[PDB]
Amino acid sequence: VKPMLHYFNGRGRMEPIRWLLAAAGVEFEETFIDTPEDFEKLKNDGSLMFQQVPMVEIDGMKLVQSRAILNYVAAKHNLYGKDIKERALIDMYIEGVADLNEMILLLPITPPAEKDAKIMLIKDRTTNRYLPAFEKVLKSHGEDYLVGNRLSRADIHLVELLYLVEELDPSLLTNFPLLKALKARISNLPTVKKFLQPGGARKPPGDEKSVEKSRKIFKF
């Protein structure tokens, strides 16, 4: 039976789980949290170990914590490397992706007075810290994939971040030719291609009225 994704109708912290399950060719369904009363039903059901989402129902568990869900999907569907040494590289790479993701993820709820400086810090970190590091990985081995010459979650998570970087400012990708080639190849895996095509589960970026909706339901 298909996993069931419980979240808001939006990217938030569920978006990387959509990408990873899509890349694994796993068909899923979503129950959207449309109102406060929807969130309150999940809590009063005892479905949420920490009273939070994302929550995914898979293989008879109600899994919360984005990283717990991702770790379980990657391992079940052979996207977590061949051995614990490849896993160490994959984790080091995707934890770097996660830190830059987090800065972009919190932009919409940044006091608008400190938003410019926060956008400058993101552009600086993208061009001077993260993307040069992943570019050097691809430069060092010349293979099509970040780890083990084989598709992993690291490729999937990095390519999702490269799309977010391009949405923020396309010039940020200009000096990273190997990352652009990675983004083109991963986008063309049959599973990911359907995910990005019209009718795919890929969520649109927020607007100011969409962040408003999420700020009254979770109230953060």
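Numbers for residues come from their place in the sequence shown, where the first is 1.
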When the Cα temperature factors in the entry are averaged, is it 181-189 or 40-48 that ends up higher? 40-48
Hey, which bit's got the bigger mean C-alpha B factor in the entry, 151-159 or 57-65? 57-65
Going by the CA temperature factor in the entry, name the top one among 100, 74, 109, 146. 109
Pick out which of 86, 114, 135, 124 has the highest C-alpha B-factor in the PDB entry. 114
Split into thirds by Cα B-factor across the chain's modelled residues, where does residue 16 land: lowest, middle or highest? lowest
Please place residue 168 in the lowest, middle or highest third of its chain according to the CA B-factor in the PDB entry. highest
Among the modelled residues of this chain, does the Cα B factor of residue 79 put it in the lowest, middle or highest third? middle
By the entry's values, the third containing the CA B factor of residue 200 is the lowest
For residue 90, return the chain-relative third of its C-alpha B-factor as stated in the PDB record: lowest, middle or highest. lowest
